[PDB]
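> Got a sequence here, can you build the structure:
(chains A and B)
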Amino acid sequence: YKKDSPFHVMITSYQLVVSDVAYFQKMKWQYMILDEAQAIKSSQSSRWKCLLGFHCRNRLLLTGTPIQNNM
DNA sequence: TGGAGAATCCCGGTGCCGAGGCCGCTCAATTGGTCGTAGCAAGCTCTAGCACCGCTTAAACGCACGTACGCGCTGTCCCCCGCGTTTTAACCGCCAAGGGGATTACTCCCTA
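Residues are numbered from 1 along each chain as shown, chains lettered A, B, ... in the order given. Below is the structure in question.
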């Protein structure tokens, strides 16, 4: 997108990237941020399984408590 | 027959919204191979379906005859229609609630 574009940064709930996943996986993302990435900490979670498969160049996991319960 | 008026048509204008077409994906239809079987073909039995004959009688049928019931015809009325006034509540819009369900979190113990 260039500066003349309908949007630049989109902000979304973890609830919607799962619910609207079929719309999200039909688009190509130039960068991704994940606030409180402890939400992604479980590999059996759909929000992990969904966001794993997003077509994105670069990703940040923002967290303050990375280690959590287990390796 | 005529007529007036009320009801229905038709013609043109406006709008909206849903049908028909386009695009992504997927997943469910198709290709190719294996294996079992099931139902198709032959052969045997003999079951019961068909045909025929002769007797019996009881069910059918032609006709007599009446009277019981179908239907047109008259009278009445009352009760349902048609139309004007009154009233209500059906329809629409917009917000609210919550209630259900699927995902996520984290311990505890069954079971492999």
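
> Could you list the contact residues of chain A toward DNA strand B?
Applying the criterion C-beta under 7 Å from any atom of the strand, the portion of chain A that neighbours DNA strand B consists of A:18, A:25-26, A:38-39, A:41-42, A:44-48, A:68-69. Placement of C-beta: from N, CA and C, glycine included.

> Of those, which belong to helices?
When DSSP state H defines the helices, the subset of those inside them is A:18, A:46, A:47, A:48.

> Now do stretch A:35-55: everything it contacts.
Residues external to stretch A:35-55 that are found in contact with it (C-beta atoms under 8 Å, 6 or more residues apart in numbering): A:14, A:17-18, A:21, A:24-25, A:27-29, A:32, A:34, A:61-63, A:65-66, A:68.

> Any quick PyMOL command for the buried ones out of these?
This is the PyMOL syntax for the buried subset of the contacts of stretch A:35-55, where burial follows 16 or more other C-beta atoms under 10 Å:
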select buried, chain A and resi 14+17+18+21+24+34+63
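
> What about the contacts of stretch A:35-55, which are in strands?
Using DSSP state E, A:28, A:29, A:32, A:34, A:61 are the members of the contacts of stretch A:35-55 that sit in strands.

> OK, contacts around the fourth one?
Going by C-beta under 8 Å, 6+ apart, residue A:34 touches A:40, A:51, A:59, A:60, A:61, A:62.

> Excluding chain neighbours, what is closest to the fourth one?
It refers to residue A:60. Spatial nearest neighbour of residue A:60, excluding adjacent residues (C-beta to C-beta, 6 or more residues apart in numbering): residue A:33 at 5.0 Å.
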